[PDB]
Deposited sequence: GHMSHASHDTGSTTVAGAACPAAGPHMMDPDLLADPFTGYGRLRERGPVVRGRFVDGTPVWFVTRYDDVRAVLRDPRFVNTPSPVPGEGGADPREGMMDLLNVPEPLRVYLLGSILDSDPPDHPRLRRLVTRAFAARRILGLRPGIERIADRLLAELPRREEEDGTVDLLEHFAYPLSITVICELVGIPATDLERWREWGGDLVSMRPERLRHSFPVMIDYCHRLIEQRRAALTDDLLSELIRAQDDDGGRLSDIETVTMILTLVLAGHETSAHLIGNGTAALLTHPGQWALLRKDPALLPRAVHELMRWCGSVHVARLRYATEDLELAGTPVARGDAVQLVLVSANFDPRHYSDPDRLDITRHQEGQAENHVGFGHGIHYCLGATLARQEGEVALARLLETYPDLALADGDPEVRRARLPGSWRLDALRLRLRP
């Protein structure tokens, strides 16, 4: 039967647990959260090889009928020949938006949130960085990227939560409501374009002149909120916990904040919030690192064990924010690889860099509230997240 993704030891310590399978062999049979059979692929080179292989696709072998297309149509569920067009349109929109020009706006959001922080302390004088900094920053950045009005922040926060939980008794109401909200925002921006990402999505053109349909644009908005909201927040939370538990790294960055871009690469590798890829499926019988894979078989790529692969990294278990060299090409799979590579990666790297920078400058003596932060580590299959991160702002 093999390892199951809800196995307690994998949930509690995926580093050790998937690292064991990694060392046992490149391809090991096991079970998806479903109990569904999977092949665990766990080593750096095989993970990348599978993510580059067109023989591995994302389509496998209570919500109403007109609304279904808004979930089935998400780009991460899309295969060639449909995926390249969708990918081109949204990435052309990102390029016209100029993601790096967003850095001052991200700083302003982070500074604003950091100034509020002392007013969110509990009775013990500690403050939860997740609820009052990381989560608000991530959802504010995404909403402002898209062009969602500030007054609708809370609504989108709720809608984001609705989308992750997918309870029918909730979604049979809110899903139509949010789809209609999006179509109206599209028609509003069309009649008066601005410089937000929605306007660039409306304006984007494929080389033959083709455009996104409004249903595709709505689907893309939902997809962006869902894919960027919680991942980014837990990069910030994990990375902050990583630095405070390794105080020389925190000290290094407070002395040399110009190290942040390289540091963020190592934090992605060492504690990125996503540990697995979406399930892949073989389209034909094939040989994968010496294992016969049958057409229709599901493969679970394990990003975390690849990012800790001693075949590729020297002493991977160490946190070392100087590991990545100045000007070195990206050298981890925490954002994936190949055609489904995270299209939010530039935004996420900027978010984490800015969040850390402002946190370092505004609370240079930030401390863990007394505790191993890991006590708050959620037990999530393929994700890596803290329920909270309680800190003391000042000595």
Gaps in the model (deposited sequence, numbered from 1): 1-22, 84-101
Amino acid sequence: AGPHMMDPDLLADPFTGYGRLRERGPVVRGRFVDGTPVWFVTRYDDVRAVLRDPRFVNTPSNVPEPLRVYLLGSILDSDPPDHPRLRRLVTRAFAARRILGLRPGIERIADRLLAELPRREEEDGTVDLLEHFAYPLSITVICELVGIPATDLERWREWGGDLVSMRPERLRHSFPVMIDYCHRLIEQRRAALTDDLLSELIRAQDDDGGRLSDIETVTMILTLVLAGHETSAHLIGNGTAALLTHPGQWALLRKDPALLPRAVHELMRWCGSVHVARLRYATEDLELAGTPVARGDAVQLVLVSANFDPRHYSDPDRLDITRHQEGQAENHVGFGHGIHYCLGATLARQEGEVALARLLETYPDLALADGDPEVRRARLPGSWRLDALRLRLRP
From here on, numbers count along this sequence of modelled residues.
Comparing 166-174 with 136-144, the one whose average Cα B-factor in the PDB entry is higher: 166-174
Between the two ranges 84-92 and 180-188, the one averaging a larger CA B factor in the entry: 180-188
Largest Cα B-factor, entry values, listed residues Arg68, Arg48, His332, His340: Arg68
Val354, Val41, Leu347, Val63, ranked by C-alpha B-factor: the highest one: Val63
Cα B factor band for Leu72 (lowest, middle or highest third within the chain): highest
CA B-factor placement of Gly160, once the chain's modelled residues are sorted into thirds: highest
Chain-relative CA temperature factor third for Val57: middle
Third of chain Cα B-factors occupied by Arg295: highest
Position of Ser199 among the chain's modelled residues by C-alpha B-factor, lowest, middle or highest third: middle
